[PDB]
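Colleague: Give me the fold of what follows.
(5 chains)
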Amino acid sequence: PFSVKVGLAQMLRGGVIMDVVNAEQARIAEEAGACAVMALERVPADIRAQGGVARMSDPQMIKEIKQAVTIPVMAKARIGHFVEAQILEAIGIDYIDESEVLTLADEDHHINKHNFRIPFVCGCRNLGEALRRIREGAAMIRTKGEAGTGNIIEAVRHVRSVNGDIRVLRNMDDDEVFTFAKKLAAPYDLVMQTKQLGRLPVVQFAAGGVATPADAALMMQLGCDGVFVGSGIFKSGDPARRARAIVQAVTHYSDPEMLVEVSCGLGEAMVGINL
Amino acid sequence: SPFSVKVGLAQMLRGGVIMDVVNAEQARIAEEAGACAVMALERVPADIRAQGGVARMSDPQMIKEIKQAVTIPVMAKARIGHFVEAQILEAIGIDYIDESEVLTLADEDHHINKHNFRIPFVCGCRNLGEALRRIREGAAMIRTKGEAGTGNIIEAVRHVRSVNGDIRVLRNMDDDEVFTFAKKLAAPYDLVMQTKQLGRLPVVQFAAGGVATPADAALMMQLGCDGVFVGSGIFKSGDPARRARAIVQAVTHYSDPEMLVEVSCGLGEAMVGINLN
Amino acid sequence: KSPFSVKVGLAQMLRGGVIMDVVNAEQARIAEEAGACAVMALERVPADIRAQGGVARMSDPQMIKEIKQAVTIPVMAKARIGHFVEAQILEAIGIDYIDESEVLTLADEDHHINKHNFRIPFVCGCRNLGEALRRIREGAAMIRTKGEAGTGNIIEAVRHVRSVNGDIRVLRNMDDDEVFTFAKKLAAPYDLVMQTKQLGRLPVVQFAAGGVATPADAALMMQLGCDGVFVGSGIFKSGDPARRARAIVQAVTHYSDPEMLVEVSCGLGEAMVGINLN
Amino acid sequence: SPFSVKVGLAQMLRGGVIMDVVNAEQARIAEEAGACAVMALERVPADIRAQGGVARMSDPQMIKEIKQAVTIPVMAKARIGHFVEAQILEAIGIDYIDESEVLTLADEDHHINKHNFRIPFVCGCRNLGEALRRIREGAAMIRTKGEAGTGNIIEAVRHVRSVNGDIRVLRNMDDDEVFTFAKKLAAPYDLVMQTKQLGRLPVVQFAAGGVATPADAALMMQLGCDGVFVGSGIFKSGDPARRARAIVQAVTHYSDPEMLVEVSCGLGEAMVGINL
Amino acid sequence: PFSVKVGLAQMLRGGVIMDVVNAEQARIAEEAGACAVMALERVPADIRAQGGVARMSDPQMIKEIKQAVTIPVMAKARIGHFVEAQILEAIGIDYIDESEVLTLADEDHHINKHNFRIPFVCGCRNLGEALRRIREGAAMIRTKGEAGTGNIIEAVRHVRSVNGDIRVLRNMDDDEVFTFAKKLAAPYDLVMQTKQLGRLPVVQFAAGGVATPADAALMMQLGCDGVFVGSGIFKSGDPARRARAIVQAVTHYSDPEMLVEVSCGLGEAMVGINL
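Modeller: Numbers count the residues shown, from 1 in each chain, chains lettered A, B, ... in the order given. And now the structure:
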């Protein structure tokens, strides 16, 4: 049942999921306290900088990451590429992220995720998208800012958008919810489920531009359940120290004294791009 | 579920003609002609179109006079979004409420939350997305609607073909594509899938808008509708009683051209109507 | 041998004829006595539909029966475009042809009647060759190349007859390899385009209609290559319907005889005044 | 009928991979990997894209060298509308002509009258209307085509879904509405009705455009194609022979995820391609 | 009389006319079986690539070409440059081509070719242009595609246009021909002459992008009387072999077996440009 997958993702709350491209990065991530590793071909900053078609990683590399760690292993598939997802599931990983950072394979339809046994992550920029991805079978939502820039601005925008719309929905006149669902282009039943629950019906992590402990704690204070870090660790001057600092920031997000400690003398952050 | 019971009650109307009536005399004509139900409203759509002014729910006294004049179901119209007009109609004790676009819209952004009511509702639609939105709000029956008050069937044909055509597309669609299809219709996914599984609308679907002749009514049935509403074509015609009977018989015998000739022969002046083009 | 070919063959019996719109039995008798090859039953002549407005539908079966009883020549009647039930009714009455007519109020803006579903032959209108071939593929056994309705102005009939016949002539010498693209551009079925090329003419009978007001107009349509003419308004909106109807019939029969055209046009009475839309 | 015989020949390629080749070495690699046919052309689509210049039929000498290097059927490309290139190809004795949009268009308004030839033709399409127009001109096989020379499958997915989706719409459609549907497709009505009756394209339909990995090839088959062409994704990759075999296996076993893992594992560098 | 010039050009039917820039190219052309050589400063591909004002060749070079061959010698003059044409005629060559490949000298008027004793070739893209050039005195028409690209697409377009309009005209209602002449902006008398003749009233060769034997045979199968080759020979890897193959293709244009033979192992074709 879908609810089993939704419940599984609850275990990741309070965690940092780290993009890794090889087994060495995966070991760094687990040693730093990541709650899961995300296997992909290149970190988003490199995909942005270099171009080319970005696809699912080779199964051999994913197997190498899978046997190098004991925490959950996720991997990315192109949007709509349900055969990449079939291969990932057959390898025996724990989650598939149908990821907009890879090159879109189907511009009109996402994967029918209910056809799979393992849980899926999907991205969103707004509540309507989040609920559409959930109805397709996403068990976890990544609210996504800019990929590969180190700039948190779009993550802040999109997190505030999703959470703000949920707060509006919570107090809305029931009679107006039908039109709200039409405007969101989202399934009414899921809209009402979100209204009664008072939060997103699945775990919601922030992603996109998280470069510093301060960024990660910010996402948590805005109400996210966790954070993805794609480029900010492995495009930085000291990946291992920075990864641990970000893990600590998510765990202690309301403790300014701790946030000072973990941020102090951390090395060159990812320089990134101001779009 | 209570909604399933309302949906099931409307099944009795299949094969029928629902006639708009403005007084007790028209209601008696409708019943004697064999209508499956009467629809109480202040003025027939052609008169609303010609005269203008704000069109509202009928006075409860007129609705009571109509309800006492007939034994077939009595429906009555309320303005879109005017949930208090609907409360009044339900408290009178009629059988269905039609949240009708022919009356002056009262809420441009929201329809009545029809699930809050005990009696069943009819709503109009022009396409499948609208039909399914109205159903999700609690409509137990759908009126696929063309032009009101013109005697011109062109838009009813267009909208019947649109709704039924989209259902046929949906029936055979790749399951993986239905998510995006629901998004494009701005319709609730679960209802889209239910329509896909059934191969038809989940509730009774009548045609309405410009039905003026027996041929028009039979056309709507051959296009796949479950029945027809006649708003203006009977009481703006030269012989309302005989034309009402002929339209009832056309719906009963919609696949029988010999019968359609018989009931159409020498019917008197039809509603002249208006060609908007 | 095919059912459609038989229908096409029936309409060919009307070559050289004038088909006259009629609204009652008196007009029908006037038409037959004038030499019309057929009468066309409709509620109002096109000039009256234009002037008066209102929704224009199939005539009441009672009136069609009265017309059918009053004449021995073939009886046609009009149905709205797409209104296949009106057509089912007309065929059940027992008339000879149905005209799916743009002069009545369109009932289906996107689809015409599937005319192959009927026993009796259909007439449809067209303004260009692509339209004519589409109507034929739907089952029309006869094409009415149509100008303006109800105005007495032949200008659009000339334009559309010249367009249809001109594209047919373009087909004759066309490189076979270019016909695929020509069919695409016409949005017409390729097999019917090739049949038109092979025949050097429309695969069904082609009459002109629209604004025929004088004998000269009718002979003009015949000299442009049409097989016959419809007269909708120009007879019964004129000052002497009976004499003008005979004159137009004679003009179609003797369209290449200027002396006859003079004789039948002389002292003919007031033509339909009509309207210049320009 | 002569056309039905040609349509029958192309049907024998179902379940296969057709591999673009530019020389006899690539041709041998293709056959040994299990390709169902080779496609002789001057340069693979990715090179045509990166280099520019007018792309034409290959020199007959190169086609003959490919033809005698393999025992599987040999196809070769001709420019759209270049019916003399097609006459020359047929006279060489090859098995199929692909009137190909990857070569430089020679006639912007008209395709080759393929019914005039003895050997079967492949044509590309992006939608059902185009496919049926090509079939009416005499194409015995249809290549539903995405982007050429980029390694990006997105447009092939779009066009395969478009063709297949319109075929599905046609199956349940009110017969009376089919006339207007054929007008809107600018397609011959008889071929529209034949597609409705069959519930599939009246000729074999292969996918092409951006197939770079075994997953891509299996995706095309699960979407309902009869086979795939690979133009650049093999010979612009790090290990053509092993990748060619893996793609053949993926088409043969497209609904077996375990097999798809096995043949995809440790394949080497795919073609990097371009995200337009 | 004009008819003498028109009749002279009939002798070229079935032939290939080859652009040459010096005496060596001219000898190659005649040895390969060209029906005439065309003397110009630079081949169209070089004019396109290099730019600059392209004019009539120096008389000395034209004299060198003239005494190096025994087949007819044509030379090019800029459009409207009637003094260049006067010089060419005084040299004693056989034809002048008033050529759009050279730099236009008069944007509004062509040479009054009836003022000359020797026949002229002019280009066209459509029937109206062809008939205007003929009325000015062109005894031969070059239906012209792209110059200097090796791409036949525009030649195919323009050949199909001219021949297609002639076929339309042949069957047209006589009464409609007046308006057809107006629409073509062509002289009515010449329009009617073309209608009664059923073909162009002068020899019509194709030109523009002919790069392979297949290209040349294609132009002949579309109904041309011959072909010009500007760049496709002397911008190719083996000019002499390719020139002979193209000559054979025009002579045997309906023989696929011959077309295979002459095309087989021909060397690098002109690479050209896809515009």
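Colleague: Could you pull out the helices in chain A for me?
Modeller: In chain A, the helices defined using DSSP state H lie at A:2-10, A:23-31, A:44-50, A:59-68, A:82-91, A:127-136, A:153-170, A:177-184, A:188-197, A:213-221, A:239-251, A:256-263.
Colleague: Would you mark the buried spots in the first one?
Modeller: This points to helix A:2-10. For helix A:2-10, the neighbour count (16 or more other Cβ atoms under 10 Å in any protein chain shown) marks A:2, A:5-6, A:8-9 as buried. Heads up, the C-betas are built off the backbone N, CA and C, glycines and all.
Colleague: before we move on, the earlier item: output the helices of chain A in a markdown table; the columns should cover distance to chain E.
Modeller: Listed next are those as a markdown table, based on distance: least, Cβ to the nearest Cβ, whole Å:
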| stretch | distance to chain E |
| --- | --- |
| helix A:2-10 | 51 |
| helix A:23-31 | 44 |
| helix A:44-50 | 28 |
| helix A:59-68 | 39 |
| helix A:82-91 | 34 |
| helix A:127-136 | 41 |
| helix A:153-170 | 40 |
| helix A:177-184 | 46 |
| helix A:188-197 | 51 |
| helix A:213-221 | 48 |
| helix A:239-251 | 47 |
| helix A:256-263 | 56 |
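Colleague: Looking at those, which is nearest to residue E:29?
Modeller: With Cβ to Cβ, the closest approach to residue E:29 among these belongs to helix A:44-50: 51.4 Å.
Colleague: Name the residues that touch the closest one?
Modeller: By Cβ atoms under 8 Å, 6 or more residues apart in numbering or on different chains, the residues outside helix A:44-50 that reach it are A:19, A:41-42, A:54, A:101-102, A:147-150, A:230-231, A:235, A:270, A:272-273.
Colleague: what does chain A have sitting close to chain B?
Modeller: A:82, A:108-112, A:132, A:135-136, A:174-176, A:178-179, A:181-182, A:185, A:187-189 (Cβ under 8 Å from any Cβ of the partner chain).
Colleague: just the buried members of those?
Modeller: A:82, A:109-112, A:132, A:135-136, A:175, A:178-179, A:181-182, A:185, A:187-189.
Colleague: Just give the nearest non-adjacent residue to residue A:240, would you?
Modeller: Setting aside the residues directly before and after it, residue A:240 is nearest to residue A:28 in space (Cβ to Cβ, 6 or more residues apart in numbering or on different chains), at 5.2 Å.
Colleague: same thing with residue A:75?
Modeller: Nearest to residue A:75 is residue A:39, by Cβ to Cβ, 6+ apart, at 4.1 Å.
Colleague: Check residue A:85 too.
Modeller: residue A:77 (4.7 Å).
Colleague: how far away is that neighbour from chain B?
Modeller: If you measure residue A:77 against chain B using Cβ to the nearest Cβ, to the nearest Å, the figure is 15 Å.
Colleague: List the contacts of that residue.
Modeller: Per Cβ under 8 Å, 6+ apart, neighbours of residue A:77: A:56, A:84-85, A:88, A:96-99, A:102, A:111.
Colleague: so it bridges to which residues?
Modeller: According to DSSP bridges, the partner residues bridging residue A:77 are residue A:98.
Colleague: what about residue A:270, distance to chain E?
Modeller: 42 Å.
Colleague: That residue: neighbour count?
Modeller: 24 (other Cβ atoms under 10 Å in any protein chain shown).
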